[PDB]
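One protein chain, two forms: both are listed below as structure tokens, the first as structure 1 and the second as structure 2.
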Structure 1
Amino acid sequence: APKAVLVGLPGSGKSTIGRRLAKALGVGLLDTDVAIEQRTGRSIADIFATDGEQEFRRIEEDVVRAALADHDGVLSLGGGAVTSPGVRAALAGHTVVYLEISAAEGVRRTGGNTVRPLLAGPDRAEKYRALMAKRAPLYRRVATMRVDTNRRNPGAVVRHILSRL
């Protein structure tokens, strides 16, 4: 089982806090987004564009289930993995760290638009707040630890988690 599974909105720090937390624990980071682009050989954008979200979500879920069983390090989920109920089910019993971020900050953290199909285009503030409205209940539902990352720097978020594992 992972030492911890990080979830939260795009730009909440999953990948960054993931890396740093893995380094601190001396374990591997598995980043499901990364695991998908390797498993498929495609970008996340290319999948969303050629295959659609439903098809991404299915590939994501399979990867997520395997990671949850096979990885003993830090597992960072794609930002919308929690929208799959099979994902949410496979999370039950795990150490799930919900990185919380305000919309204004999240908007700004994602502002060099990392790809992110679902944040792409203009009206990014609006889209980000709508992602938050829909997913926040889902993150809270799967979370065993909620960490506010709003005015905490990545090292402090890492320490807050480490101290609570």
Structure 2
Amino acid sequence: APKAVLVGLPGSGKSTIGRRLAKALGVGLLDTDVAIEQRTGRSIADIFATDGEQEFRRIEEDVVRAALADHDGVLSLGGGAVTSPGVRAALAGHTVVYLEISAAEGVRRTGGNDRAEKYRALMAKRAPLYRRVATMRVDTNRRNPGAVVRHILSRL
């Protein structure tokens, strides 16, 4: 069972908070996007651009129950996995950390090289799923990673 299951918007800090919290607890991180495109040997784009939302999410589900079931480390849920049904049932009992970041900063961490408008929708479609499965909310706007780690662990 994962010691923590971190969820929240892209650029909430799933990997980054995860890599770090995994090192402090002494465990390994497992990313479900990594799990999926690993133990299918196709890229997530290969799956969407090839069999669609519906199959991918069913694939995502199945993979994330697996990792919920026998990853004993820290688990980062692929960002839209809390839409899938099977995935909200499965987090029931785990320790679930919701990383809150507001839409400006969420847009900023996500950079690379109107997009922010597509981010408010992602926010409005998921945020209240994130609260719905959350067993714990850490607001991350103003904290640095170490600080998000120590707030988390002190509640853990």
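So that the term is clear: the rigid core is the largest set of C-alpha atoms that superpose within 1.5 Å between two forms. Numbering runs along the sequence of structure 1, starting at 1.
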{"query": "Candidates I47, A67, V96, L131 - which moves between the two structures, C-alpha at least 2 Å, core fixed", "finding": "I47"}
{"query": "Per-residue CA shift, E37 (Å; core superposed between the two structures)", "finding": "1.6"}
{"query": "Following rigid core superposition, Cα shift of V158 between the two structures in Å", "finding": "0.6"}
